[PDB]
Amino acid sequence: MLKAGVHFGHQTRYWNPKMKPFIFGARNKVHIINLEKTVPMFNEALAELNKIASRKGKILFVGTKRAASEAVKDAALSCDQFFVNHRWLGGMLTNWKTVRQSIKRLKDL
RNA sequence: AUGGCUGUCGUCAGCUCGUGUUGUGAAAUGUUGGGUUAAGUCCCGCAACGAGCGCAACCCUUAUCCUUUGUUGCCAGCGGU
Ligand SMILES: [Mg+2]
Ligand SMILES: [Mg+2]
């Protein structure tokens, strides 16, 4: 069942009321998530996620921070899988048709 | 009442657009920020991504050197004084 050795929870106060259902925490000012509920979402997650990787995988691994950027430009970068490892230029989906040519310049370059 | 022309802030760094986003809306963002430039100059940052007019460059001149050209210009090495 549990696979996350030391991923436990995180984040002291700064919590978000909406995150009670998945919190069982306490230990020292910072709450532990609900290890026993995290996983039941690897079900459904990787499921409906796989259920469209076969329907034809088009993903986009959004993840940024000089502390994980290329730990995402990884076997994630590789497969049926796109990504963004730095500042997410805003409107890049909603303005893909202005940005599409921001690509044409990348390649032409 | 005007065309054309001209002073002027000021060769100051400014003025805008599309698309995206935001607000009920006038509008906003972009162009609020951190540096730096002569500069909206540039670099980082950034719900914006991109662009046009201005900044800059392309023009004249000046400072070095090469090619060509030697009269009306030049005289280094020559012969004539
Ligand atoms: Mg400019
Ligand atoms: Mg100019």
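As deposited, the entry is annotated with X-ray crystallography as its determination method and 2.8000 Å as its resolution.

By the naming in the PDB entry, chain A is 30S ribosomal protein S2, taken from Escherichia coli.

Colleague: Please clarify how the packing of aromatic side chains should be interpreted in this entry.
Modeller: Each pair of aromatic rings is reported with the distance of its centres and the angle of its planes. Tallied over the full model, the rule gives 0 aromatic pairs. Residue placement shows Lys3 over the ring face of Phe42; its charged tip is 4.1 Å from the ring centre.

Colleague: Teacher, can you tell me more about unusual backbone geometry here?
Modeller: One can expect most non-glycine residues to show negative phi and most peptide bonds to be in trans. Despite not being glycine, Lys56 shows a phi value in the positive range, around 130°. Mapped onto the elements, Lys56 comes out in the loop between α2 (42-53) and β1 (61-62). Positive phi, close to 95°, is recorded for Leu60, a residue that is not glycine. Among the structural elements, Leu60 can be located in the loop between α2 and β1.

Colleague: What am I meant to see in the protein's contact with RNA strand B here?
Modeller: In the neighbourhood of RNA strand B, the contacting residues comprise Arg87, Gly90, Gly91, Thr94, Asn95, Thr98, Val99 and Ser102. A breakdown of the atoms of RNA strand B within 4 Å of the protein gives sugar and phosphate a share of 63%. The contact in question runs from a sugar or linking oxygen of RNA strand B to an N or O atom on the backbone of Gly90, over 2.7 Å. Taking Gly91, its main chain carries an N or O atom lying 3.4 Å from a base nitrogen of RNA strand B. Counted by class, the surface near RNA strand B contains 1 nonpolar, 6 polar and 1 charged residues.

Analysis parameters
- Residues numbered from 1 in each chain as written, not as in the entry; some residues may be left out.
- Chains lettered and ligands numbered in written order.
- Part of a larger assembly, values for the part shown.
- Heavy atoms only, no water.
- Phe/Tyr/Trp six-rings, centres within 6.5 Å; stacked < 30°, edge-to-face > 60°.
- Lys NZ or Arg CZ within 6 Å of the ring centre and 35° of its normal.
- Helix = DSSP H or I, 4+ residues; strand = E, 2+ residues; numbered from the N terminus.
- Near = heavy atom within 4 Å.
- Polar contact = N/O pair within 3.5 Å; in protein donor to acceptor, adjacent residues only side chain to side chain.
- Nonpolar A, V, L, I, M, F, W, Y, C, P; charged D, E, K, R; others polar.

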